[PDB]
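Here is the structure we will look at.
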Amino acid sequence: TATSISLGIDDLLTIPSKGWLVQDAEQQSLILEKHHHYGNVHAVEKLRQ
Amino acid sequence: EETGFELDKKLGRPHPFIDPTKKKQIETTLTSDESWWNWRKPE
Amino acid sequence: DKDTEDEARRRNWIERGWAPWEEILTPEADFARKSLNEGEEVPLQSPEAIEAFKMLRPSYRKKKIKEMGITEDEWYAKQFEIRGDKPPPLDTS
Amino acid sequence: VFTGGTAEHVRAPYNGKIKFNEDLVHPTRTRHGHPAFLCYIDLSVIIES
């Protein structure tokens with residue numbers, strides 16, 4: 001009670017590198033999807049990735 | 001004692017993490033033609 | 001009955017209009033067909049697959065083109081050459 | 001799920017270029033369709049940061 005721990009919107013601290021990692025994953029996913037359309041990889045390879 | 005860098009770092013005063021005088025220039029890398037697909041920049 | 005892989009092929013040509021047309025594949029697409037034969041994740045042992053792997057880098061393409069003496073446009077034109085046995089030459093009398 | 005075992009990803013700890021001898025490793029195609037190298041020895045890679 002005295003310390004009164006309490007969570008706010010900004011208390012939900014996110015990893016600083018989430019933006020980089022998500023952006024890197026999107027680039028790999030987009031590049032792979034583009035070549036899946038080209039026919040350089042098959043559907044299962046896209047699905048696993 | 002030293003001055004500038006290695007003194008701000010010792011005392012914790014604001015300084016770059018990497019010493020500019022010791023920052024090696026990054027060498028030339030693959031130019032999207034020595035590299036496979038899936039690692040090239042999307043153009 | 002059944003159909004061997006010599007009359008179904010003939011049936012496809014005659015009835016289905018089949019023909020083994022050339023497919024001018026990109027180095028990425030060519031590598032896919034030469035590497036998926038060996039398995040899923042295995043060291044590529046076939047020399048065709050190994051060569052297809054090295055062709056994924058267009059820089060490596062330049063070396064082979066330069067070594068064999070091609071202006072780098074004949075090679076772009078050589079890949080479009082018709083593959084397979086040629087028909088007997090015509091002798092119009 | 002797809003690698004059929006325990007898979008650990010070695011992530012780059014520093015920015016920079018990677019130096020290693022590509023002849024020491026065998027070419028392969030990953031389950032995602034990406035070309036890669038299979039390492040069968042205790043290969044050491046250099047990241048010049």
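Chain identifiers are assigned as A, B, and so on, following the order in which chains appear in the structure tokens; residues are numbered from 1 within each chain, and ligands are numbered from 1 in order of appearance.
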Only residues of chain B matter here; which ones have an atom within 8 Å of chain C, counting only C-alpha atoms? Give them as a ChimeraX atom specification. /B:33-37
Each residue of chain D with at least one atom at most 6 Å from chain C should appear once, together with its nearest atom pair and the corresponding distance in Å (one decimal); atoms considered: only C-alpha atoms; ordering: chain, then increasing residue number; output as JSON lines.
{"residue": "D:26", "atom": "CA", "partner": "C:43", "partner_atom": "CA", "distance": 5.7}
{"residue": "D:27", "atom": "CA", "partner": "C:44", "partner_atom": "CA", "distance": 5.9}
{"residue": "D:28", "atom": "CA", "partner": "C:43", "partner_atom": "CA", "distance": 5.0}
{"residue": "D:29", "atom": "CA", "partner": "C:41", "partner_atom": "CA", "distance": 5.8}
{"residue": "D:30", "atom": "CA", "partner": "C:41", "partner_atom": "CA", "distance": 5.4}
Residue selection dump (C-alpha atoms) as a CSV table (one decimal), in the first residue's frame:
chain,number,residue,atom,x,y,z
D,26,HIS,CA,28.6,-27.0,-48.5
D,27,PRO,CA,25.9,-25.3,-50.5
D,28,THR,CA,22.3,-26.2,-49.6
D,29,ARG,CA,18.7,-24.9,-49.8
D,30,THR,CA,16.9,-24.3,-46.6
At a cut-off of 9 Å, which residues of chain B touch chain A? Count only C-alpha atoms and give the answer as a PyMOL selection string. chain B and resi 37-39+42
Out of chain B, which residues get alpha helix (DSSP H) from DSSP, as a list in words? residues 8, 9, 10 and 11 of chain B
Computed interatomic separation between CA of residue 39 in chain A and CA of residue 36 in chain D (Å):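 Interatomic distance here is 18.5 Å.
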Which residues are close to residue 26 in chain B, i.e. within 10 Å by only C-alpha atoms, leaving aside same-chain residues fewer than 6 positions away? Reply as JSON, numbers by chain. {"D": [15, 16, 17, 48, 49]}
Create the file for the chosen residues now, containing C-alpha atoms and written as an mmCIF file, in the first residue's frame.
data_model
loop_
_atom_site.group_PDB
_atom_site.id
_atom_site.type_symbol
_atom_site.label_atom_id
_atom_site.label_comp_id
_atom_site.auth_asym_id
_atom_site.auth_seq_id
_atom_site.Cartn_x
_atom_site.Cartn_y
_atom_site.Cartn_z
ATOM 1 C CA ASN D 15 26.969 -4.553 -37.028
ATOM 2 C CA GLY D 16 29.480 -5.146 -39.786
ATOM 3 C CA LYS D 17 30.548 -7.502 -42.561
ATOM 4 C CA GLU D 48 34.488 -6.841 -38.624
ATOM 5 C CA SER D 49 32.569 -4.140 -36.772
#
